[PDB]
Amino acid sequence: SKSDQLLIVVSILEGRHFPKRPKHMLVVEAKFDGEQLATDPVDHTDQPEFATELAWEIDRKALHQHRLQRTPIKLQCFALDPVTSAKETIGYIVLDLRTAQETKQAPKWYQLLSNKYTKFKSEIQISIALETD
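Counting in UniProt numbering, the sequence shown runs from 3 upward without gaps.
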């Protein structure tokens with residue numbers, strides 16, 4: 003059943019309406035079904051360039067269950083200090099497999115929930131898709 007092996011691919015593209023923080027970086031961590039993945043740290047500019055794909059392995063039977071159960075893909079956004087190495091949680095984004103098809107789809111803009119930058123309507127552009135593993 004090698005064919006029945008799939009990848010959930012989350013594409014984190016660009017951010018917008020972030021504050022310009024000259025000494026900091028941004029990192030997005032993503033957690034699905036107890037597996038954590040992370041982006042490179044990127045410049046904490048107003049429009050951060052994440053340009054990263056994250057991939058989790060899954061079975062077709064398992065994927066269909068997660069889809070119906072609404073198992074979340076939880077994205078946590080951190081501001082990182084390259085000097086001290088301290089990370090602070092900026093906000094979170096929740097995705098689910100409802101839209102995930104086996105073709106690439108147009109990305110959508112997602113607002114950061116519990117956003118520490120309370121006056122900024124910070125958001126991150128995200129695609130989700132399924133590929134053969």
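No residue lacks a Cβ here, since even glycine has one placed at the ideal position from N, Cα and C.
- In the three-state reduction of the DSSP assignment, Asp48 falls in the coil class.
- In this structure, the beta-carbon distance from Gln49 to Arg18 falls below 7 Å.
- Taking 7 Å as the cut-off, the Cβ atoms of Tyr112 and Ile92 do not count as close.
- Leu99 carries a coil assignment under DSSP once its states are collapsed to helix, strand and coil.
- Of the other Cβ atoms in all chains shown, fewer than 16 fall within 10 Å of the Cβ of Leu70; this residue is therefore exposed.
- Apart from sequence neighbours up to five positions away, the residues of its chain that approach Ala57 with a beta-carbon distance below 6 Å are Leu9 and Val11, ordered along the chain.
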